[PDB]
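Visitor: Got a file for you: run.pdb, PDB, C-alpha atoms (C1' of nucleotides).
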```
ATOM      1  CA  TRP A 634      14.060  34.774  40.677
ATOM      2  CA  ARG A 635      17.245  35.714  38.815
ATOM      3  CA  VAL A 636      18.636  32.163  38.773
ATOM      4  CA  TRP A 637      15.996  30.868  36.376
ATOM      5  CA  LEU A 638      16.730  33.857  34.111
ATOM      6  CA  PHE A 639      20.408  32.932  33.851
ATOM      7  CA  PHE A 640      19.153  29.423  33.121
ATOM      8  CA  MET A 641      16.946  31.051  30.467
ATOM      9  CA  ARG A 642      19.838  32.864  28.781
ATOM     10  CA  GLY A 643      21.742  29.581  28.870
ATOM     11  CA  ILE A 644      18.999  27.525  27.212
ATOM     12  CA  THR A 645      17.668  30.161  24.795
ATOM     13  CA  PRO A 646      19.869  29.233  21.789
ATOM     14  CA  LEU A 647      19.417  25.489  22.353
ATOM     15  CA  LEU A 648      15.637  25.792  22.029
ATOM     16  CA  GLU A 649      15.866  28.474  19.332
ATOM     17  CA  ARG A 650      17.910  25.967  17.304
ATOM     18  CA  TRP A 651      15.883  22.833  18.052
ATOM     19  CA  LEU A 652      12.599  24.574  17.203
ATOM     20  CA  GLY A 653      14.141  26.022  14.051
ATOM     21  CA  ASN A 654      15.177  22.544  12.945
ATOM     22  CA  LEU A 655      11.768  21.145  13.915
ATOM     23  CA  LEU A 656       9.608  23.976  12.549
ATOM     24  CA  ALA A 657      11.095  24.299   9.082
ATOM     25  CA  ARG A 658      10.335  23.284   5.515
ATOM     26  CA  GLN A 659      13.500  21.148   5.379
ATOM     27  CA  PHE A 660      14.489  18.910   8.295
ATOM     28  CA  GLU A 661      18.010  17.788   9.206
ATOM     29  CA  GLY A 662      19.244  15.232  11.720
ATOM     30  CA  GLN A 675      34.680   4.078  17.753
ATOM     31  CA  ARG A 676      35.525   6.318  14.797
ATOM     32  CA  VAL A 677      39.343   6.589  14.750
ATOM     33  CA  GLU A 678      40.091   3.019  13.665
ATOM     34  CA  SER A 679      37.563   3.753  10.909
ATOM     35  CA  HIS A 680      39.423   6.994  10.156
ATOM     36  CA  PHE A 681      42.863   6.069   8.838
ATOM     37  CA  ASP A 682      41.922   2.772   7.177
TER      38      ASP A 682
ATOM     39  CA  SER B   2      32.111   2.118  -0.208
ATOM     40  CA  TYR B   3      33.007   3.302  -3.703
ATOM     41  CA  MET B   4      33.250  -0.307  -4.922
ATOM     42  CA  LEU B   5      29.586  -1.189  -4.368
ATOM     43  CA  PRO B   6      27.079  -0.214  -7.086
ATOM     44  CA  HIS B   7      25.549   3.239  -6.693
ATOM     45  CA  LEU B   8      22.101   4.604  -7.517
ATOM     46  CA  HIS B   9      21.777   8.145  -8.840
ATOM     47  CA  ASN B  10      18.065   9.035  -9.077
ATOM     48  CA  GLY B  11      14.763   8.012  -7.535
ATOM     49  CA  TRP B  12      13.691   5.640 -10.305
ATOM     50  CA  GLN B  13      16.845   3.526 -10.067
ATOM     51  CA  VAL B  14      16.430   2.533  -6.414
ATOM     52  CA  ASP B  15      12.775   1.603  -6.906
ATOM     53  CA  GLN B  16      13.769  -0.487  -9.924
ATOM     54  CA  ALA B  17      16.541  -2.177  -7.929
ATOM     55  CA  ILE B  18      13.959  -3.079  -5.296
ATOM     56  CA  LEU B  19      11.614  -4.312  -8.046
ATOM     57  CA  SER B  20      14.183  -5.962 -10.349
ATOM     58  CA  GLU B  21      14.799  -8.805  -7.880
ATOM     59  CA  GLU B  22      12.631 -11.581  -6.432
ATOM     60  CA  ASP B  23      14.896 -14.332  -5.054
ATOM     61  CA  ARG B  24      17.379 -12.342  -2.908
ATOM     62  CA  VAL B  25      17.295  -9.478  -0.406
ATOM     63  CA  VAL B  26      18.034  -5.886  -1.406
ATOM     64  CA  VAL B  27      20.216  -4.248   1.251
ATOM     65  CA  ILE B  28      20.312  -0.498   0.607
ATOM     66  CA  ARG B  29      22.742   1.720   2.521
ATOM     67  CA  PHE B  30      21.132   5.146   2.509
ATOM     68  CA  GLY B  31      23.407   7.962   3.593
ATOM     69  CA  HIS B  32      26.541   9.802   2.500
ATOM     70  CA  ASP B  33      29.546   7.718   1.484
ATOM     71  CA  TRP B  34      31.854  10.482   2.758
ATOM     72  CA  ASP B  35      30.366  10.276   6.264
ATOM     73  CA  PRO B  36      32.730   8.759   8.858
ATOM     74  CA  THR B  37      29.778   6.659  10.024
ATOM     75  CA  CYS B  38      28.707   5.555   6.543
ATOM     76  CA  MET B  39      32.297   4.756   5.548
ATOM     77  CA  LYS B  40      32.662   2.582   8.661
ATOM     78  CA  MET B  41      30.010   0.137   7.433
ATOM     79  CA  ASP B  42      30.379   0.664   3.677
ATOM     80  CA  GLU B  43      33.579  -1.367   4.052
ATOM     81  CA  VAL B  44      31.832  -4.082   6.055
ATOM     82  CA  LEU B  45      29.337  -4.229   3.189
ATOM     83  CA  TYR B  46      32.367  -4.457   0.897
ATOM     84  CA  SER B  47      33.933  -7.358   2.793
ATOM     85  CA  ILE B  48      30.752  -9.463   2.514
ATOM     86  CA  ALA B  49      29.308  -8.435  -0.864
ATOM     87  CA  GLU B  50      30.778 -11.497  -2.581
ATOM     88  CA  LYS B  51      29.871 -13.853   0.278
ATOM     89  CA  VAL B  52      26.151 -13.020   0.274
ATOM     90  CA  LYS B  53      25.824 -12.908  -3.533
ATOM     91  CA  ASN B  54      23.446 -15.884  -3.466
ATOM     92  CA  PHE B  55      20.763 -14.284  -1.281
ATOM     93  CA  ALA B  56      21.652 -10.582  -1.102
ATOM     94  CA  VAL B  57      22.435  -7.665  -3.402
ATOM     95  CA  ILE B  58      23.799  -4.376  -2.062
ATOM     96  CA  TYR B  59      23.090  -0.972  -3.587
ATOM     97  CA  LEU B  60      24.285   2.365  -2.225
ATOM     98  CA  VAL B  61      22.209   5.549  -2.313
ATOM     99  CA  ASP B  62      23.201   9.138  -1.523
ATOM    100  CA  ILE B  63      20.144  10.848  -0.049
ATOM    101  CA  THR B  64      21.332  14.206  -1.377
ATOM    102  CA  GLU B  65      21.515  12.670  -4.855
ATOM    103  CA  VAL B  66      18.131  10.985  -4.312
ATOM    104  CA  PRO B  67      16.030  13.295  -2.075
ATOM    105  CA  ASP B  68      12.865  11.254  -2.599
ATOM    106  CA  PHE B  69      12.826   8.840   0.372
ATOM    107  CA  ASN B  70      14.007  11.132   3.186
ATOM    108  CA  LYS B  71      10.523  12.033   4.420
ATOM    109  CA  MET B  72       8.824   8.667   3.917
ATOM    110  CA  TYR B  73      11.522   6.401   5.403
ATOM    111  CA  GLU B  74      12.981   8.912   7.923
ATOM    112  CA  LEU B  75      16.418   9.485   6.401
ATOM    113  CA  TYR B  76      17.853  11.850   8.990
ATOM    114  CA  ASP B  77      20.286   9.643  10.869
ATOM    115  CA  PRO B  78      23.717   9.811   9.187
ATOM    116  CA  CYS B  79      23.617   6.165   8.041
ATOM    117  CA  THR B  80      20.656   3.873   7.366
ATOM    118  CA  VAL B  81      20.322   0.260   6.199
ATOM    119  CA  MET B  82      17.047  -0.982   4.716
ATOM    120  CA  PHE B  83      16.214  -4.548   3.695
ATOM    121  CA  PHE B  84      13.680  -5.204   0.928
ATOM    122  CA  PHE B  85      12.249  -8.537  -0.237
ATOM    123  CA  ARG B  86      10.045  -8.895  -3.333
ATOM    124  CA  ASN B  87       9.133  -5.200  -3.157
ATOM    125  CA  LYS B  88       8.350  -5.389   0.559
ATOM    126  CA  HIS B  89      10.264  -3.616   3.314
ATOM    127  CA  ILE B  90      11.280  -6.346   5.770
ATOM    128  CA  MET B  91      11.010  -4.934   9.274
ATOM    129  CA  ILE B  92      13.665  -6.237  11.656
ATOM    130  CA  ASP B  93      13.444  -6.165  15.453
ATOM    131  CA  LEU B  94      16.711  -5.039  17.032
ATOM    132  CA  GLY B  95      17.514  -4.195  20.618
ATOM    133  CA  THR B  96      17.048  -0.543  19.675
ATOM    134  CA  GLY B  97      13.661   1.145  19.678
ATOM    135  CA  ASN B  98      13.643   1.653  15.917
ATOM    136  CA  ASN B  99      12.624  -1.579  14.179
ATOM    137  CA  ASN B 100      12.741  -0.493  10.522
ATOM    138  CA  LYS B 101      16.443   0.193   9.941
ATOM    139  CA  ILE B 102      19.956  -0.184  11.287
ATOM    140  CA  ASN B 103      20.830   3.470  11.850
ATOM    141  CA  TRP B 104      24.327   2.770  13.208
ATOM    142  CA  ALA B 105      27.482   1.489  11.529
ATOM    143  CA  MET B 106      28.881  -1.701  13.029
ATOM    144  CA  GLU B 107      32.269  -3.384  12.922
ATOM    145  CA  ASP B 108      32.091  -7.191  12.612
ATOM    146  CA  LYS B 109      31.716  -8.818   9.200
ATOM    147  CA  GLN B 110      29.993 -11.914  10.621
ATOM    148  CA  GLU B 111      27.082 -10.167  12.359
ATOM    149  CA  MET B 112      25.947  -8.364   9.210
ATOM    150  CA  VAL B 113      25.846 -11.633   7.255
ATOM    151  CA  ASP B 114      24.014 -13.021  10.290
ATOM    152  CA  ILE B 115      21.363 -10.305  10.007
ATOM    153  CA  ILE B 116      21.077 -10.589   6.213
ATOM    154  CA  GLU B 117      20.670 -14.368   6.331
ATOM    155  CA  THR B 118      18.111 -14.057   9.132
ATOM    156  CA  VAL B 119      16.179 -11.548   7.012
ATOM    157  CA  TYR B 120      16.276 -13.886   4.013
ATOM    158  CA  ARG B 121      15.159 -16.849   6.138
ATOM    159  CA  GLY B 122      12.244 -14.901   7.600
ATOM    160  CA  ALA B 123      11.303 -13.480   4.205
ATOM    161  CA  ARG B 124      11.106 -16.838   2.421
ATOM    162  CA  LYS B 125       8.495 -17.870   4.992
ATOM    163  CA  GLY B 126       6.533 -14.711   4.211
ATOM    164  CA  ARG B 127       6.936 -12.640   7.363
ATOM    165  CA  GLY B 128       7.123  -8.865   7.561
ATOM    166  CA  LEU B 129       9.038  -8.560  10.824
ATOM    167  CA  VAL B 130      12.016 -10.799  11.556
ATOM    168  CA  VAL B 131      13.904 -11.028  14.848
ATOM    169  CA  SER B 132      17.653 -10.480  14.972
ATOM    170  CA  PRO B 133      19.792 -13.013  16.867
ATOM    171  CA  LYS B 134      21.817 -10.405  18.772
ATOM    172  CA  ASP B 135      20.287  -7.862  21.145
ATOM    173  CA  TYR B 136      21.256  -4.221  20.600
ATOM    174  CA  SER B 137      19.826  -2.727  23.788
ATOM    175  CA  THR B 138      23.454  -2.288  24.891
ATOM    176  CA  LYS B 139      26.951  -2.616  23.438
ATOM    177  CA  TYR B 140      28.281  -5.570  25.494
ATOM    178  CA  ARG B 141      31.295  -3.436  26.365
ATOM    179  CA  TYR B 142      32.008  -3.803  30.112
TER     180      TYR B 142
ATOM    181  CA  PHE C   8      17.485  -0.855 -15.163
ATOM    182  CA  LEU C   9      20.892   0.513 -14.160
ATOM    183  CA  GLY C  10      22.311   3.411 -16.154
ATOM    184  CA  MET C  11      19.015   4.823 -17.432
ATOM    185  CA  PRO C  12      17.382   8.238 -16.997
ATOM    186  CA  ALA C  13      14.342   8.526 -14.770
ATOM    187  CA  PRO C  14      10.945   8.616 -16.526
ATOM    188  CA  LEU C  15       9.458  12.095 -16.787
ATOM    189  CA  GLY C  16       6.079  11.075 -15.368
ATOM    190  CA  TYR C  17       7.370   8.701 -12.697
ATOM    191  CA  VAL C  18       6.458   9.384  -9.079
ATOM    192  CA  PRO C  19       9.903   9.480  -7.394
ATOM    193  CA  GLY C  20       8.815   7.273  -4.517
ATOM    194  CA  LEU C  21       5.739   5.235  -3.570
ATOM    195  CA  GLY C  22       5.254   4.306  -7.255
ATOM    196  CA  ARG C  23       5.850   0.709  -6.150
ATOM    197  CA  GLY C  24       3.085   1.215  -3.581
ATOM    198  CA  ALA C  25       5.511   1.801  -0.720
ATOM    199  CA  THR C  26       4.261   2.805   2.728
ATOM    200  CA  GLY C  27       6.224   5.208   4.891
ATOM    201  CA  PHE C  28       6.483   5.032   8.661
ATOM    202  CA  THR C  29       6.520   7.543  11.522
ATOM    203  CA  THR C  30       8.672   6.155  14.336
ATOM    204  CA  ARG C  31       8.355   9.393  16.319
ATOM    205  CA  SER C  32       6.841  12.848  15.987
ATOM    206  CA  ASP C  33      10.083  14.849  16.150
ATOM    207  CA  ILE C  34      11.873  13.103  13.293
ATOM    208  CA  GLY C  35      10.983  14.085   9.745
ATOM    209  CA  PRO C  36       9.336  17.270   8.512
ATOM    210  CA  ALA C  37       5.722  18.273   9.080
ATOM    211  CA  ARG C  38       3.148  16.258   7.154
ATOM    212  CA  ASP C  39       2.006  19.465   5.410
ATOM    213  CA  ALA C  40      -0.773  17.653   3.541
TER     214      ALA C  40
ATOM    215  CA  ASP D 488       0.589  46.320  30.350
ATOM    216  CA  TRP D 489       2.905  43.525  31.455
ATOM    217  CA  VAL D 490       0.084  41.226  32.586
ATOM    218  CA  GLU D 491      -1.478  41.601  29.144
ATOM    219  CA  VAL D 492       1.886  40.610  27.657
ATOM    220  CA  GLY D 493       1.973  37.510  29.840
ATOM    221  CA  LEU D 494      -1.564  36.488  28.917
ATOM    222  CA  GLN D 495      -0.582  37.046  25.276
ATOM    223  CA  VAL D 496       2.628  35.011  25.429
ATOM    224  CA  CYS D 497       0.887  32.156  27.239
ATOM    225  CA  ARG D 498      -1.609  31.839  24.387
ATOM    226  CA  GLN D 499       1.181  32.133  21.813
ATOM    227  CA  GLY D 500       3.259  29.382  23.425
ATOM    228  CA  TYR D 501       0.201  27.188  23.922
ATOM    229  CA  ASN D 502      -0.576  27.561  20.215
ATOM    230  CA  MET D 503       3.031  26.730  19.318
ATOM    231  CA  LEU D 504       2.970  23.568  21.408
ATOM    232  CA  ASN D 505      -0.410  22.515  20.014
ATOM    233  CA  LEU D 506       1.005  22.981  16.518
ATOM    234  CA  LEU D 507       4.024  20.852  17.441
ATOM    235  CA  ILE D 508       1.617  18.219  18.770
ATOM    236  CA  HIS D 509      -0.556  18.370  15.634
ATOM    237  CA  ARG D 510       2.495  18.370  13.400
ATOM    238  CA  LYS D 511       2.088  14.718  12.431
ATOM    239  CA  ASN D 512      -1.719  14.794  12.907
ATOM    240  CA  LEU D 513      -1.827  12.576  16.003
ATOM    241  CA  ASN D 514      -5.075  13.509  17.747
ATOM    242  CA  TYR D 515      -4.509  11.265  20.784
ATOM    243  CA  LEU D 516      -2.119  13.766  22.403
ATOM    244  CA  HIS D 517      -3.710  16.911  23.843
ATOM    245  CA  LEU D 518      -2.153  19.917  25.562
ATOM    246  CA  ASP D 519      -4.205  21.655  28.237
ATOM    247  CA  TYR D 520      -3.901  25.320  29.228
ATOM    248  CA  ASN D 521      -1.521  24.455  32.087
ATOM    249  CA  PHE D 522       1.018  22.932  29.647
ATOM    250  CA  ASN D 523       0.390  19.311  30.637
ATOM    251  CA  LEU D 524       0.543  16.822  27.760
ATOM    252  CA  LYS D 525      -2.133  14.171  28.276
ATOM    253  CA  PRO D 526      -3.672  11.428  26.129
ATOM    254  CA  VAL D 527      -7.307  11.820  25.131
ATOM    255  CA  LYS D 528      -7.648   8.024  25.312
ATOM    256  CA  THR D 529      -5.604   5.219  26.834
ATOM    257  CA  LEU D 530      -2.617   4.793  24.554
ATOM    258  CA  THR D 531      -2.150   1.709  22.435
ATOM    259  CA  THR D 532       1.535   0.852  22.331
ATOM    260  CA  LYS D 533       2.003   1.604  18.624
ATOM    261  CA  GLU D 534       0.431   5.038  19.043
ATOM    262  CA  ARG D 535       2.309   5.645  22.305
ATOM    263  CA  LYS D 536       5.667   5.061  20.623
ATOM    264  CA  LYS D 537       4.464   6.927  17.527
ATOM    265  CA  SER D 538       3.725  10.009  19.665
ATOM    266  CA  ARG D 539       6.898  10.739  21.607
ATOM    267  CA  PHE D 540       8.908  13.952  21.833
ATOM    268  CA  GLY D 541      12.561  14.496  22.649
ATOM    269  CA  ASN D 542      13.845  16.191  25.771
ATOM    270  CA  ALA D 543      13.852  19.567  24.002
ATOM    271  CA  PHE D 544      10.075  19.647  23.498
ATOM    272  CA  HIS D 545       9.429  18.648  27.107
ATOM    273  CA  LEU D 546      11.875  21.289  28.353
ATOM    274  CA  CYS D 547      10.139  23.948  26.255
ATOM    275  CA  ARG D 548       6.735  22.839  27.543
ATOM    276  CA  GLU D 549       7.916  22.933  31.155
ATOM    277  CA  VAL D 550       9.508  26.383  30.892
ATOM    278  CA  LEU D 551       6.265  27.552  29.283
ATOM    279  CA  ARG D 552       4.464  26.058  32.281
ATOM    280  CA  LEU D 553       6.770  28.048  34.571
ATOM    281  CA  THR D 554       6.104  31.343  32.796
ATOM    282  CA  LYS D 555       2.378  30.515  32.656
ATOM    283  CA  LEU D 556       2.412  29.915  36.415
ATOM    284  CA  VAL D 557       4.074  33.289  36.995
ATOM    285  CA  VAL D 558       1.663  35.098  34.666
ATOM    286  CA  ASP D 559      -1.372  33.442  36.250
ATOM    287  CA  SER D 560      -0.126  34.403  39.717
ATOM    288  CA  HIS D 561       0.130  38.014  38.570
ATOM    289  CA  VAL D 562      -3.371  37.777  37.076
ATOM    290  CA  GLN D 563      -4.640  36.462  40.419
ATOM    291  CA  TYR D 564      -3.065  39.547  41.973
ATOM    292  CA  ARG D 565      -4.733  41.847  39.441
ATOM    293  CA  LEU D 566      -8.147  40.183  39.815
ATOM    294  CA  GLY D 567      -8.181  40.740  43.579
ATOM    295  CA  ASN D 568      -8.035  36.993  44.191
ATOM    296  CA  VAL D 569      -4.842  37.336  46.265
ATOM    297  CA  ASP D 570      -3.071  40.083  48.177
ATOM    298  CA  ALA D 571       0.219  41.699  47.190
ATOM    299  CA  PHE D 572       1.861  39.866  50.086
ATOM    300  CA  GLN D 573       0.204  36.670  48.863
ATOM    301  CA  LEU D 574       1.419  37.375  45.324
ATOM    302  CA  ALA D 575       5.001  37.848  46.518
ATOM    303  CA  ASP D 576       4.918  34.700  48.654
ATOM    304  CA  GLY D 577       3.489  32.727  45.740
ATOM    305  CA  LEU D 578       6.149  34.042  43.369
ATOM    306  CA  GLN D 579       8.864  33.081  45.852
ATOM    307  CA  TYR D 580       7.334  29.611  46.164
ATOM    308  CA  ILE D 581       7.280  29.264  42.370
ATOM    309  CA  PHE D 582      10.905  30.342  42.003
ATOM    310  CA  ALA D 583      12.011  28.175  44.957
ATOM    311  CA  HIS D 584      10.033  25.016  44.071
TER     312      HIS D 584
ATOM    313  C1'   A E   1      12.421  11.210  26.727
ATOM    314  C1'   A E   2      13.613   6.434  25.474
ATOM    315  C1'   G E   3      16.032   1.335  24.853
ATOM    316  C1'   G E   4       8.013  -1.770  25.420
ATOM    317  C1'   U E   5       5.444  -1.207  17.300
ATOM    318  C1'   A E   6       3.714  -8.874  16.149
ATOM    319  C1'   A E   7       3.344  -8.756  11.301
ATOM    320  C1'   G E   8      -1.449  -9.329   8.187
ATOM    321  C1'   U E   9      -6.399 -10.119   5.280
ATOM    322  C1'   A E  10     -11.199  -7.717   5.157
ATOM    323  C1'   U E  11     -15.653  -4.499   4.322
ATOM    324  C1'   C E  12     -17.332   0.595   6.380
ATOM    325  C1'   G E  13     -16.779   5.846   7.409
ATOM    326  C1'   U E  14     -14.050  10.349   6.337
ATOM    327  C1'   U E  15     -10.926  13.691   4.173
ATOM    328  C1'   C E  16      -7.497  15.953   1.259
ATOM    329  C1'   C E  17      -5.824  15.464  -3.284
ATOM    330  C1'   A E  18      -5.357  13.666  -9.235
TER     331        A E  18
END
```
Re-express the file's structure as structure tokens.
Guide:
Amino acid sequence: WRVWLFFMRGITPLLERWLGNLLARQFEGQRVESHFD
Amino acid sequence: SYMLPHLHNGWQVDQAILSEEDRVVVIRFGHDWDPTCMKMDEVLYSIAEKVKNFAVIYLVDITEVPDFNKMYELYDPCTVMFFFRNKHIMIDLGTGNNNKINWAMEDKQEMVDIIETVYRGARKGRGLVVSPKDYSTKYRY
Amino acid sequence: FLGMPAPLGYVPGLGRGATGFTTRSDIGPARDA
Amino acid sequence: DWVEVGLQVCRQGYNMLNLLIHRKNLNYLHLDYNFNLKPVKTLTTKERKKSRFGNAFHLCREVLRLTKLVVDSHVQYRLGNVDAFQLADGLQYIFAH
RNA sequence: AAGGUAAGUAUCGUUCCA
């Protein structure tokens, strides 16, 4: 029973952030050779 | 990036789409400071003169013009939209999204390839054109 | 034309009769209309 | 009471997920009370692609299904439908499968 | 979970909204 609760404390901020981005008034969403040129 | 013409407010981009009939309007929505947007805003530099006959390139900062974010889904860092005679020309890539190129590429020939294909399919009067290359992978191996 | 202020009464988008698209449900904000 | 809290949170999460479903006003996706997302009619391809959710939404729905399963097992215990031994065995089966 | 939207032209219904 406890294992899924440690999984819960692990995933709580991920979902609390994804839902916050989703359920909000305003929504928000090979790179080194492009860096120094 | 900085060399290409820029649009500052919502009216200007709509006019730029409307003020042309015989070319294709290739608009790079995004942020010119983005590492992704700056990767392809130099490809669009290297071919701006070449495609002058059938393409005009305008740049738009979505923060400066927050009028098309919701309607055209401007939430990927970089977006490319093709317009012909005030009509968004859908293009079928290997990717699931068939309305935009939401990734910055590297080769100056493939972008001219895509622009010329869009022009060819738009003179006929289509709404969805088919790209030559398939972007369901990256051909890396 | 380039280098001109936006009209006061202009609708910022869709004034040219544009049609938006919804590729997926997650992307974008809520319709709220 | 804890079982009341579970029956409350199940309704709250079900309402959240139905709001997320009816966020773009796509009526061809329906969430049941067991947190299973089903189409009300056979999906045309345009509507199928138009109604798709990222891994985060599915993960939230499935963890809500897990907590709903636990709460409903406890309700079964409280309604005399199952024994305390049966409730414990069912809870162990839920948390082990 | 995807990488599987053909693009269109019609009348009709509805609804918010100006």
Visitor: Once the PyMOL selection byres ((chain B) within 6 of (chain A)) is applied to the coordinates I shared, what remains selected? I want it as JSON, numbers by chain.
Guide: {"B": [40, 76, 77]}
Visitor: Kindly give the distance, in Å, that separates CA of residue 552 in chain D and CA of residue 496 in chain D, rounded to a single decimal.
Guide: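 Separating CA of residue 552 in chain D from CA of residue 496 in chain D is a distance of 11.4 Å.
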Visitor: Which residues, named as in the file, does the PyMOL selection byres ((chain E and resi 3-15) around 12) pick out? Answer as number ranges by chain.
Guide: B: 89-100, 122-123, 126-131, 135-139; C: 28-31, 40; D: 531-538; E: 1-2, 16-17
Visitor: For CA of residue 27 in chain C and CA of residue 72 in chain B, determine how far apart the two atoms are, in Å to one decimal place.
Guide: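 Atom-to-atom, CA of residue 27 in chain C and CA of residue 72 in chain B are spaced 4.4 Å apart.
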Visitor: How would you write, as number ranges by chain, the residues chosen by the PyMOL selection byres ((chain C and resi 10-15) around 9) on this structure?
Guide: B: 8-13; C: 8-9, 16-19
Visitor: When distances are computed from only C-alpha atoms, which of D:557, D:578, D:497, D:513 shows the smallest separation from chain C?
Guide: D:513
Visitor: Counting all atoms listed in the file, I want the residues whose atoms come within 10 Å of (5.0, 18.5, 5.4) in the file frame, returned as a PyMOL selection string.
Guide: (chain A and resi 657-660) or (chain B and resi 71) or (chain C and resi 35-40) or (chain D and resi 510-511)
Visitor: Out of D:556, D:501, D:522, D:515, which residue has the shortest atom-to-atom distance to residue 584 in chain D when counting all atoms listed in the file?
Guide: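 Checking each candidate against residue 584 in chain D, we get D:556 as the closest.
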Visitor: Just to confirm, what's the straight-line distance from CA of residue 117 in chain B to CA of residue 68 in chain B in Å (one decimal)?
Guide: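 Computing it gives 28.2 Å between the two atoms.
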Visitor: Find the residues near residue 23 in chain C: any atom within 8 Å, counting only C-alpha atoms (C1' of nucleotides), skip ones fewer than 6 places away on the same chain, and give them as a ChimeraX atom specification.
Guide: /B:15,19,87
Visitor: Using all atoms listed in the file, find the one residue out of D:504, D:579, D:512, D:523 that sits nearest to chain C.
Guide: D:512
Visitor: Adding 3 Å on each side of the box along x, y and z that holds all listed atoms of range 15-33 of chain C, could you give its centre and edge lengths in Å to one decimal, as JSON?
Guide:
```
{"center_x": 6.6, "center_y": 7.8, "center_z": -0.2, "size_x": 13.0, "size_y": 20.1, "size_z": 39.1}
```
Visitor: Applying 8 Å and all atoms listed in the file, which residues near residue 18 in chain B remain after dropping the ones on its own chain fewer than 2 positions away? List them as an NGL selection string.
Guide: :B and (14-16 or 20-21 or 26 or 84-87)
